[PDB]
């Protein structure tokens, strides 16, 4: 009925879940309304998320709303075993997630999740939805809709749409303003460095840190690396973010040129093989590589393993690969999302807004069942904006409002001298 490491961890999990809730007031307000209105009565739901204290708070909100949920891990290394135990023991929510599970177990958990015959699927990376569409065409009648948490998953869903197989509504949670403006940027910025520091306790100041990608995540990682005293190099494939990085004070160059200069490399591109053997070959002795994109394939670790003569664990979450010429490359978190693998992921303050979008996106799918076209849907503007209003209020920040006279001016095109 579940598959977890150790249910005796539930008390620790409960404590950390309650602490996380302190900065998730928006989701708390949503949970209390769900508790009354039960939008998910009779709905079966699968969530493929990072099994964290923040995901637990989302699961509790969906549970209050009546959802018959089943949670599986989005990544083998991000699972928090105490959280899994608490969800099973305290809430009776089936969880199939073991920190460190092998790929066979991960894939079996996806099969178990699809056997739940979900009506709603919350995905983080689109693994489950892709598996649904590829292997479970006979189940598609169950689907009211799905949601997608992260940028990599949105890219996959776009490919599904262009391939003609996205035959149901999918909510683009990642691209909501109150999601990727804060989660992807400020959350990833802090928690990526957190993971690197918990793994290595390395001094960031004075180090050359290479950030691959200058999108929402790259901007955050570079900003916080800079804030911690690092010399920051940015790599890119598109000129607009490249000019931005330069005018933000960072050096921009091709990865081949960055490869011999970086002390720490951090990939946040969403793309495959951004760091390759031709790069490993020129890296400093002891260069550190890690990834905060969704999938570890941003770094060609398979080639690194094949080239290296020895690999050994030298600290928690930290492996030293020794190359035939004696130089070493350090890898954190086995190349998996370093903030979640070596630390705890984003602080709950930003996950409050991301998972408020998840909850209200699920509600949107059910309230509009039978009225949404197949394909990708953006979060409604009014929902996006109300999440922002509520979060600003809960942060204790007050701002101004337009007067009628100011509205009159906006609408009066004739005036201006």
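Positions refer to the first chain, counted from 1.
Mean CA temperature factor is higher for 37-45 when stretches 379-387 and 37-45 are set side by side in the entry. As the entry records it, the average C-alpha temperature factor is higher for 305-313, out of 305-313 and 210-218. Between the residues 231, 263, 183, 90, the entry's highest C-alpha temperature factor is the one at 90. Looking only at 52, 371, 348, 357, the residue with the top Cα B factor in the deposited structure is 371. Ranked by Cα temperature factor within the chain, residue 402 sits in the highest third according to the deposited record. Split the chain's modelled residues into thirds by C-alpha temperature factor. Residue 321 is in the lowest one. Placement of the Cα temperature factor of residue 293 within the chain: lowest third of the modelled residues, per the deposited record. In the PDB entry, a CA B factor belonging to the middle third of its chain's modelled residues is recorded for residue 177. When the modelled residues of the chain are ordered by C-alpha B-factor, residue 327 sits in the middle third.
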